[PDB]
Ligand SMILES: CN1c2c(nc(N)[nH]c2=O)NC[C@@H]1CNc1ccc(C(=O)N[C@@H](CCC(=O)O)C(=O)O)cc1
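Below you'll find only one chain, the form solved without the ligand, shown as structure tokens.
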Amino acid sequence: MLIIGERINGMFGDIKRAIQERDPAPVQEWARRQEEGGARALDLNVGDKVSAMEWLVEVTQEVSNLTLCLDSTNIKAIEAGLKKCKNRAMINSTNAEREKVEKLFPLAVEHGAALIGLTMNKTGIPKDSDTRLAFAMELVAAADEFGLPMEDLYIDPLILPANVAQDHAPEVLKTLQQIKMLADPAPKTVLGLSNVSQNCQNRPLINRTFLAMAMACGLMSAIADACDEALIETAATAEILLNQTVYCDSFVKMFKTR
């Protein structure tokens, strides 16, 4: 399970200020902590988008060798950021809109980057796992067309808050399982984990419980809170239960430090 650390996002006030002030310290500090949590990737979200992404990339990769996950709907910004990246990167994201696909799929191929794909077009987030499924298939077909390796496509079936859209959660579990049972080579799957618990009580609880359930349906990656030690515990334990990682008594520690 790949944990993509969520915290370097402009929607958080300290990051918005750091970016505005062009003060790299809060950014670099969140970079170490997330990594130290056990994240093996860093989500980067400006919250001049192109320049801000650039600074985010440079400032962050100056203290961290983690895979950088460029999080923006401005494709200019991702591209600029893609250019600044010292190592392989992830793009977050494209959806199933052909206009996006023809741009971001090749874009990803140019830079040897991973690509996250939302099971949706511009119509809106689908109400069921069938409609989701059908968007994930286009994503897959898009990969083959543009020669993006299937293991480099991360499909996001889009989880929704448990309080207002409770009926979506099992529908998302179902799509994951359907994608899991795709023929070799199969694509990967990722979630925007924290959204499952948006305005709910005991968010960390909900977050980690869905993490475990989604991994059983083959979840490969999660944008999430890397400084939630209990979430990280879940991540490492789930790996063991799926016989993805060899047991030892210190499995938690091995995950955090591997």
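All residue numbers refer to positions in the sequence shown, first residue = 1.
What follows is about the form deposited with the ligand bound, which we do not show.
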query: Contact test in the deposited complex: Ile223 vs the ligand, heavy atoms, 4.5 Å; finding: yes
query: Contact flag, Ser51 vs the ligand in the deposited complex, heavy atom cut 4.5 Å; finding: no
query: Exercise: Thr209 in contact with the ligand in the deposited complex, heavy atom 4.5 Å; finding: no
query: Exercise: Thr237 in contact with the ligand in the deposited complex, heavy atom 4.5 Å; finding: no
query: Partner-proximal stretch of 166-174, 143-151, 116-124, 98-106 relative to the ligand in the deposited complex, 4.5 angstroms, heavy atom; finding: 116-124
query: The ligand in the deposited complex - contacting residues of 184-201, heavy atom within 4.5 Å; finding: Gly192, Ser194, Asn195, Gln198
